[PDB]
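Notes for the one structure printed next.
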Amino acid sequence: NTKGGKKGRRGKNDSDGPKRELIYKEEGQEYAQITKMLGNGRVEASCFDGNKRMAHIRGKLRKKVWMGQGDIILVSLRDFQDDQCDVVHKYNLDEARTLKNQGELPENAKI
Amino acid sequence: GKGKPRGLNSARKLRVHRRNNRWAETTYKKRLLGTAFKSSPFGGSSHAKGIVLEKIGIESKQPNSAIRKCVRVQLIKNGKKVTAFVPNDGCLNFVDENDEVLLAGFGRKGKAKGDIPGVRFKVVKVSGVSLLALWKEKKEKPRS
Amino acid sequence: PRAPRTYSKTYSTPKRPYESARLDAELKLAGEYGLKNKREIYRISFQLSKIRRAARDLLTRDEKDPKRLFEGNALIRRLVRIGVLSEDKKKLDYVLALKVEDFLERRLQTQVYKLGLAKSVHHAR
Amino acid sequence: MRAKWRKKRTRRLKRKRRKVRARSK
Amino acid sequence: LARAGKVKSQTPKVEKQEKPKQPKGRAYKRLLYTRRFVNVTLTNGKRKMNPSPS
Amino acid sequence: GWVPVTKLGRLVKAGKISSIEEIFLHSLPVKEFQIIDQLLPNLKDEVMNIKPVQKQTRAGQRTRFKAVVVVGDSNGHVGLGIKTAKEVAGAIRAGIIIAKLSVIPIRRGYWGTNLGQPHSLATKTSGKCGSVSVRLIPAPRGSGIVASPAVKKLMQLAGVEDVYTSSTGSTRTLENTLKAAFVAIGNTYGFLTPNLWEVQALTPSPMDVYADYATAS
Amino acid sequence: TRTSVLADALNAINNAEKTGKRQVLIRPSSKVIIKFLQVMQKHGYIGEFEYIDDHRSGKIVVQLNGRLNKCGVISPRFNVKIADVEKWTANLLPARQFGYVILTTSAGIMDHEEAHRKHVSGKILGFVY
RNA sequence: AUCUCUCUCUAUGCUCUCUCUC
RNA sequence: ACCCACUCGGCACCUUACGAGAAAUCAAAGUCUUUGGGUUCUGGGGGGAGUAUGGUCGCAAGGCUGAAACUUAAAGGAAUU
RNA sequence: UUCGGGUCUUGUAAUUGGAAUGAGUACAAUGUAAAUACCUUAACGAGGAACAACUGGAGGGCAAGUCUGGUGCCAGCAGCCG
Ligand SMILES: [Mg+2]
Ligand SMILES: [Mg+2]
Ligand SMILES: [Mg+2]
Ligand SMILES: [Mg+2]
Ligand SMILES: [Mg+2]
Ligand SMILES: [Mg+2]
Ligand SMILES: [Mg+2]
Ligand SMILES: [Mg+2]
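Protein chains in written order, with UniProt numbering: chain V, 5 to 115; chain W, 2 to 145; chain F, 2 to 126; chain X, 1 to 25; chain U, 8 to 61; chain Y, 39 to 255; chain R, 2 to 130.
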């Protein structure tokens, strides 16, 4: 079971596990809380840095991993542009908590 | 019984009918209303040049994905804001803002290419150097 | 200015560029008669096509009309002078046929190789 | 979608526009 | 990073081979003809041209 | 195992007929492809197109292949066939058989100058399978068969020197186009022209004359 | 109203041919139609035509061979010039040489070949084959 | 001329795609 | 008033195809590649759109007339599993 | 009888040669208002590395690879399908 059982979910197979290794920060890539989940693949997500941004879903997670409101997310910022940016990796709740404990992200937002 | 008139002295009417009908052929209408000059940023022209405002990486249409990379162009002749796509991989690293650039169509008689919405024009000659040449080493651009 | 300096196209490009059989035929002809350019073959075909057109026009005008008597005869004579057309074959229908192979055979490229002098077509060229 | 409804909506919009124009005048 | 200029910045540029000079114009055409219509060992089967290491 | 079932077939086997022309004249119910092979010696088996075809029934698709076959010599009589089947080769074979059974002659016509040897087409000839309409306008000597590649191939198989064609409808349905062409060709001989005019009296059928040899009792 | 009588007659003839019927009845008939029929007979496209050309308008009955294929008209009777006759033939006649384009010329109503022989073109009236 | 005559809520659902050799 | 025989005129059927259809179907949607019996009127991918602008006709509501920019590679017809 | 000669002619590979050439150069002569360039022409001029052909493509449409490494719904192609 993934979302709603279905006749049309057995033709997919998801492989990641709940016990997966947490992904760290990169260059031109940082952490965001989701302000409001917008339509058509767009999403309003406030970064942990201090900029408002406009986040966008790029492939991969577009159907595989569903997302909600107020989630800690990996965003690779546009190197040429700035206002439009893209989501790369969704973080789990446990994962988020671990990150918070570590102090890798700034302590400003709650899960 | 063949709706169009077929008489020997029936000619004028026929001609007028044909004329009237012609006005529904889209191409003909485009040619004759002057929409080639009145509307459209490339006003009758084939290879308009302009300058870069913003470097938006426009997200593509469906079945496909990926961020596509385009350029906001202020045309030098008319001065309309234009969304124009840049060919090849990371040619954006040769464009830069406030740089003069020559543009072309898309083998589409106007319209838009099969993945990029809003985009109508290829960026072809960045500062009169041409992008293809830049891509395959060949020639170097004036920049500094 | 001067004016009457007119430049003629002399060859026809085929309407379908990858119609395979045609291409193969062209290649074969090139192989046979040593040809740098497919435009050479095309050129010759264009010439032949022009001749054919003329012949067709003549045929359109009825049997033993003045035009037919003149122009057709002239064409036949011209062909005989080049060679190509056989001496038995002087009746416009033959002209309409003529193939494509014959024009690539009555030309210096082949005509040198025809009696010897080279022992190869490329050599002759 | 029904076309009649669309037509009705369009008519309503037109009416509104007319009213606006009148007000402006 | 999903940034412009990938692939060509990543892939190692393996240089062009020396190779003996493949002929021109007429000669090239002749060579092509020889390759395709003179002999071909695949007489029985198909009129295929380009093969594979398979 | 070349044993015939029909009487005509039996007759052909025995060797008391060597002419397909006679058969064409008397319009005979041929249902064995053997007959054509026996009489018409050299005929080129040519496959035009293999269309994938489906009927989506509950558990996935059902891929059948439709092959188009144009058979014939290079002098007058031309064969035409179509078959949907599971395996492709088998389908092709079936099509070939059908084409052979079909085989129809052409009234290979002229232009005016005559001179010699059966040339191109008799008349402006037409036929429609679907929307597709095929013209056959008899083209002067050397004016190479101008047509859809498929139609050109068919003409070549038939043994026509030079023809103009004109298309109408959606010709992208190649099978339909081919069918139309076949129909047009058929029409050529089924047309009254001053070369016919003078009536020739009816000759008795080989089926009626050699009836004693066709039956084994 | 029936506008072109000749056209209607030709249509009737064509229908009869299609059927396989070996007799017609042309309803209003007369003059032009008669001449057309005569021309056809000259080459033997129709067998024998007989009219009860009575005290009214005329009614033609055509006992025909059936060898005729099609026989057209064109009621916008175009003024044919001596050169574009070839073009017309190409358009209308099936074969290059079999069949007859009917011309109403100053010299009289006859086929195309005959017109050519006299070197007088006129107006197209119809065609057979 | 032989019928006979039954009954109501129930909203939505996002995860691709496929040909051969004749 | 009935019954048969005929017609003439009308609304319609049923049967076939021997035609025409892309088919479903059609005694006309037939005589249309063998393409011109006469004439009017309309349509030229879908959407934007019967919208915006004018004009008019209207007490008004609206009707007549009627775009373009842009926008996509389909929308749609009939049949089939 | 188990080859074979390759008896007759070709295709094939850096191998190795024996003969031509104009393109540049050019004494000059011609050309020409004067000189270019061409037409003529004595001297120098090719061993693949030279005296160097690119331009597009290779799923179909449409000729041409279920080759080799990289990227991994990213970068990108692609007129439309994809
Ligand atoms: Mg599974
Ligand atoms: Mg439209
Ligand atoms: Mg208005
Ligand atoms: Mg649809
Ligand atoms: Mg020189
Ligand atoms: Mg290349
Ligand atoms: Mg191919
Ligand atoms: Mg490429």
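Even for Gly, the Cβ is constructed at its ideal location relative to N, Cα and C.
Can you find a CB in chain W that lies within less than 8 angstroms of the CB of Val21(U)? Answer no: the Cβ-Cβ gap between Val21(U) and chain W never drops below 8 angstroms.
Identify, in the order they occur along the chain, each residue of the same chain with its Cβ nearer than 6 angstroms to the Cβ of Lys217(Y), setting aside the five sequence neighbours on each side. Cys167
At a CB distance below 8 angstroms, what residues from the segment 28-39 of chain U approach chain F? Give them in sequence order. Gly32, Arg33, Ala34, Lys36, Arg37 and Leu39
Checking contacts by CB at 8 angstroms: is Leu28(F) closer than that to chain U? Output row for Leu28(F): interface = yes.
Roughly how many whole angstroms lie between the Cα atoms of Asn74(F) and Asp55(R)? 59 angstroms
Name, please, each residue of chain U whose Cβ falls closer than 8 angstroms to the Cβ of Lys37(F). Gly32, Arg33 and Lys36
Residues sharing a beta bridge with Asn112(V), DSSP: According to DSSP, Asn112(V) bridges with nothing at all.
Measuring only between beta-carbons, confirm whether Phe52(V) sits less than 8 angstroms from chain U. no
Taking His115(Y) as the reference, give the member of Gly197(Y), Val50(Y) and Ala188(Y) with the closest Cα. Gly197(Y)
Closest by C-alpha distance to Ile130(Y), when choosing among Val85(Y), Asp246(Y) and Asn233(Y): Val85(Y)
Taking beta-carbon pairs under 8 angstroms, can you tell me which members of the segment 140-168 of chain Y lie near chain F? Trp149, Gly150, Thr151 and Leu153
Going by C-alpha distance, which of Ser57(Y), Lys124(Y) and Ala188(Y) is nearest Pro79(Y)? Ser57(Y)
Span of the alpha helix (DSSP H), counted from its first residue to its last, around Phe86(W): No alpha helix (DSSP H) contains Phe86(W), which is instead part of the beta strand (DSSP E) from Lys82 to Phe86.
Coil, strand or helix - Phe84(V) by DSSP: coil
Which residue from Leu93(W), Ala85(W) and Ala134(W) puts its Cα closest to that of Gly51(W)? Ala85(W)
Return no unless some Cβ of chain R is closer than 8 angstroms to the Cβ of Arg7(W). The C-beta of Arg7(W) comes closer than 8 angstroms to at least one C-beta of chain R.
Could you spell out where the beta strand (DSSP E) holding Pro90(Y) opens and where it closes? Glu84 to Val91
Where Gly74(V) sits in the DSSP three-state scheme: coil
On the criterion of 16 or more Cβ atoms from any shown chain inside 10 Å, does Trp149(Y) qualify as buried, or is it exposed? buried
By how many angstroms is the C-alpha of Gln94(Y) removed from the C-alpha of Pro178(Y)? 50 angstroms
Three-way DSSP call (helix, strand, coil) for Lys190(Y) in this model: helix
Using CA coordinates, which residue listed in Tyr251(Y), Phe62(Y), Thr231(Y) and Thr44(Y) is at the minimum distance from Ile142(Y)? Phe62(Y)
Compare the beta carbon distance of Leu93(W) and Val102(W) with 8 angstroms and say whether it is the shorter of the two. no
Return the chain-ordered list of same chain residues with a C-beta closer than 7 angstroms to the C-beta of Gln88(V), the five sequence neighbours on each side being excluded. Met58, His60 and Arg82
Closer than 8 angstroms, CB to CB, is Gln98(R) near chain Y or not? yes
Can you grab the Cα-Cα spacing for the pair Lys112(W) / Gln194(Y), in whole Å? 43 angstroms
Taking the alpha helix (DSSP H) that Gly47(Y) falls in, what are its first and last residues? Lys45 to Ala52
Between the segment 45-61 of chain F and the segment 92-108 of chain F, can you find at least three pairs of beta-carbon atoms closer than 8 angstroms? yes
Using 8 angstroms for Cβ pairs, my map puts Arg126(F) next to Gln112(F). What's the rounded Cβ distance? Under the criterion of beta carbons closer than 8 angstroms, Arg126(F) and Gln112(F) do not qualify as touching, at roughly 12 angstroms.
Please classify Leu240(Y): does DSSP put it in a helix, a strand, or coil? coil
Could you tell me the distance, in whole angstroms, from the CA atom of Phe79(R) to the CA atom of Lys124(R)? 6 angstroms
From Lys68(V), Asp53(V), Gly74(V) and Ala36(V), residue whose alpha carbon lies closest to that of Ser19(V): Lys68(V)
Could you tell me the alpha carbon to alpha carbon distance between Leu49(F) and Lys190(Y), rounded to whole angstroms? 21 angstroms
Once you ignore the five residues that flank residue 15(Y) on each side, which residues in its own chain have a CB closer than 7 angstroms to its CB? Absent from the model: residue 15(Y). The displayed extent of chain Y is 39 to 255, so no value can be given.
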